[PDB]
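Asks: Using the working numbering, you'd call the opening residue of the sequence shown number 7 and step up by one each time.
Using N, Cα and C, we set each Cβ at its ideal position, and we do this for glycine too.
I have a structure here, written as C-alpha coordinates, and I will follow up with some questions on it.
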Amino acid sequence: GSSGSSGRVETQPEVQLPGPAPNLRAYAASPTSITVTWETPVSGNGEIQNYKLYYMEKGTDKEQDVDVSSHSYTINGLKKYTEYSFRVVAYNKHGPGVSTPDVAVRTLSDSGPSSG
(Lines of atoms letter the chains of each structure in order from A and count residues from 1; the text may use other names and numbers.)
(Lines give C-alpha, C1' and ligand atoms only; values in the text may rest on other atoms or scores of the structure.)
Protein backbone atom coordinates (compact mmCIF):
# COMPACT_ATOMS: atom_id res chain seq x y z
CA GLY A 1 0.00 0.00 0.00
CA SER A 2 2.13 2.86 -1.31
CA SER A 3 0.06 6.03 -0.95
CA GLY A 4 1.24 9.42 -2.19
CA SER A 5 -0.11 10.12 -5.66
CA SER A 6 -1.12 13.77 -5.36
CA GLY A 7 -2.38 16.48 -7.70
CA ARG A 8 -0.81 19.82 -8.59
CA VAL A 9 -3.89 22.02 -8.25
CA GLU A 10 -3.90 25.38 -6.47
CA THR A 11 -7.65 25.06 -5.95
CA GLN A 12 -10.30 23.06 -4.09
CA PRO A 13 -13.34 21.04 -5.22
CA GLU A 14 -16.93 21.41 -3.99
CA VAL A 15 -17.73 21.88 -0.31
CA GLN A 16 -20.48 19.28 0.04
CA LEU A 17 -19.15 15.91 -1.14
CA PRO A 18 -19.33 12.33 0.20
CA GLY A 19 -16.58 10.74 2.27
CA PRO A 20 -14.43 7.61 1.85
CA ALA A 21 -16.29 4.32 2.32
CA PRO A 22 -14.92 2.70 5.50
CA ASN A 23 -14.54 -1.02 6.17
CA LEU A 24 -13.12 -1.47 2.67
CA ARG A 25 -12.16 -5.13 2.28
CA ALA A 26 -11.27 -7.21 -0.78
CA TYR A 27 -10.72 -10.95 -1.22
CA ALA A 28 -10.36 -13.22 -4.25
CA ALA A 29 -13.39 -15.51 -4.10
CA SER A 30 -12.10 -17.29 -7.21
CA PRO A 31 -9.10 -17.47 -9.58
CA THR A 32 -11.28 -15.74 -12.17
CA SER A 33 -13.38 -13.50 -9.92
CA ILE A 34 -13.03 -11.14 -6.96
CA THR A 35 -15.38 -10.07 -4.17
CA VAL A 36 -15.24 -6.55 -2.73
CA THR A 37 -17.09 -5.40 0.39
CA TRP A 38 -17.28 -1.83 1.70
CA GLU A 39 -19.32 0.27 4.12
CA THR A 40 -21.11 3.62 3.87
CA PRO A 41 -19.38 6.78 5.15
CA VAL A 42 -20.91 8.31 8.29
CA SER A 43 -20.24 11.70 6.71
CA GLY A 44 -22.13 12.95 3.67
CA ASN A 45 -25.04 15.02 2.39
CA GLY A 46 -28.34 13.20 2.01
CA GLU A 47 -27.85 9.75 0.50
CA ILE A 48 -25.49 8.24 -2.06
CA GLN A 49 -27.23 7.79 -5.41
CA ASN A 50 -25.00 4.93 -6.53
CA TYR A 51 -21.69 3.34 -5.53
CA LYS A 52 -18.95 3.39 -8.18
CA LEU A 53 -16.64 0.37 -7.97
CA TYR A 54 -13.45 0.74 -10.01
CA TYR A 55 -11.27 -2.19 -11.08
CA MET A 56 -8.08 -2.57 -13.12
CA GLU A 57 -5.06 -4.84 -13.57
CA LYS A 58 -1.76 -3.82 -11.98
CA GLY A 59 0.08 -2.48 -15.02
CA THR A 60 -2.67 -1.30 -17.36
CA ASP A 61 -3.04 2.38 -16.49
CA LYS A 62 -6.62 1.98 -17.71
CA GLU A 63 -8.93 2.12 -14.69
CA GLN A 64 -12.61 1.35 -15.21
CA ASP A 65 -15.94 1.94 -13.46
CA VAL A 66 -19.03 -0.19 -12.82
CA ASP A 67 -22.48 0.85 -11.59
CA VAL A 68 -23.25 -0.66 -8.19
CA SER A 69 -25.93 0.02 -5.59
CA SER A 70 -24.91 -2.46 -2.90
CA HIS A 71 -22.31 -2.99 -0.17
CA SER A 72 -20.92 -6.04 -1.97
CA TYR A 73 -20.06 -6.70 -5.61
CA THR A 74 -18.31 -9.55 -7.42
CA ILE A 75 -16.14 -8.97 -10.49
CA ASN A 76 -15.85 -12.07 -12.68
CA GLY A 77 -13.96 -12.63 -15.92
CA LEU A 78 -10.44 -12.15 -14.56
CA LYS A 79 -7.07 -13.86 -14.94
CA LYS A 80 -5.69 -16.43 -12.50
CA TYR A 81 -2.99 -15.38 -10.03
CA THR A 82 -3.22 -11.83 -11.36
CA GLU A 83 -3.32 -8.63 -9.31
CA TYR A 84 -6.17 -6.13 -9.59
CA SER A 85 -6.67 -2.70 -8.03
CA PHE A 86 -10.00 -1.62 -6.53
CA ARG A 87 -11.37 1.68 -5.26
CA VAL A 88 -14.80 2.91 -4.14
CA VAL A 89 -16.20 6.36 -4.89
CA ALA A 90 -19.37 8.10 -3.70
CA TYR A 91 -21.40 9.82 -6.41
CA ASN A 92 -24.08 12.27 -5.29
CA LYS A 93 -26.01 15.19 -6.78
CA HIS A 94 -23.14 17.43 -5.69
CA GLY A 95 -20.23 15.48 -7.15
CA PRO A 96 -17.61 12.73 -6.73
CA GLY A 97 -15.95 13.36 -3.39
CA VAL A 98 -12.65 11.98 -2.11
CA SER A 99 -11.63 8.53 -3.36
CA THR A 100 -10.68 5.54 -1.21
CA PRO A 101 -7.13 4.11 -1.35
CA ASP A 102 -6.35 1.65 -4.14
CA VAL A 103 -6.93 -1.96 -3.09
CA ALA A 104 -4.70 -4.33 -5.06
CA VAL A 105 -5.28 -8.06 -4.63
CA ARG A 106 -3.99 -11.19 -6.36
CA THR A 107 -6.44 -13.84 -7.55
CA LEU A 108 -6.19 -17.55 -6.76
CA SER A 109 -3.83 -19.66 -8.87
CA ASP A 110 -5.38 -22.65 -10.64
CA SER A 111 -1.93 -24.15 -11.23
CA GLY A 112 -1.70 -25.23 -7.60
CA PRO A 113 -1.47 -24.27 -3.92
CA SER A 114 2.21 -23.53 -4.57
CA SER A 115 2.97 -21.12 -1.73
CA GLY A 116 4.27 -17.75 -2.90
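#1: Let's see if you can read the secondary structure: which residues bound the beta strand (DSSP E) around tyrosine 57?
#2: Just to confirm my understanding: we take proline 102, look at its own chain, exclude 5 residues before and 5 after, and list those with CB closer than 6 Å. What are they?
#3: Could you pull the DSSP bridge partners for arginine 31 from this structure?
#4: Between which two residues does the beta strand (DSSP E) carrying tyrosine 90 extend?
#5: Assuming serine 78 is part of the beta strand (DSSP E), what are its boundary residues?
#6: Can you tell me whether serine 120 is helix, strand or coil according to DSSP?
#7: Rounded to whole angstroms, what's the CA-CA distance from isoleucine 54 to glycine 122? Just pull it up for me.
#8: Is the beta carbon of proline 107 less than 8 Å from the beta carbon of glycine 13?
#9: Any idea what DSSP makes of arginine 112, helix, strand or coil?
#10: Determine the direct distance from the alpha carbon of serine 9 to that of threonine 43, and round the result to whole angstroms.
#11: Closest by CA to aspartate 67, which one among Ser75, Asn56, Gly50 and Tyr90?
#12: Could you work out which residue in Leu114, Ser105 and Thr113 is closest to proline 47 when comparing CA atoms only?
Replies: Quick look at the numbers:
#1: Under the DSSP assignment, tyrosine 57 falls in the beta strand (DSSP E) whose first and last residues are 56-63.
#2: For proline 102, the CB contacts under 6 Å within the same chain, skipping 5 residues up- and downstream, are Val95 in chain order.
#3: Within the DSSP secondary-structure output, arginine 31 pairs in a beta bridge with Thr43.
#4: Run containing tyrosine 90: 89-97, per the beta strand (DSSP E) assignment.
#5: Its beta strand (DSSP E) spans residues 78-81.
#6: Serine 120 carries a coil assignment under DSSP once its states are collapsed to helix, strand and coil.
#7: In this model, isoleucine 54 and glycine 122 are separated by some 40 Å (Cα to Cα).
#8: Contact: no.
#9: In this structure, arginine 112 counts as strand in the three-state DSSP scheme.
#10: So the two alpha carbons sit approximately 21 Å from each other.
#11: Between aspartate 67 and the set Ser75, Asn56, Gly50 and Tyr90, the nearest pair of CA atoms involves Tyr90.
#12: For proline 47, the nearest C-alpha among the options comes from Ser105.
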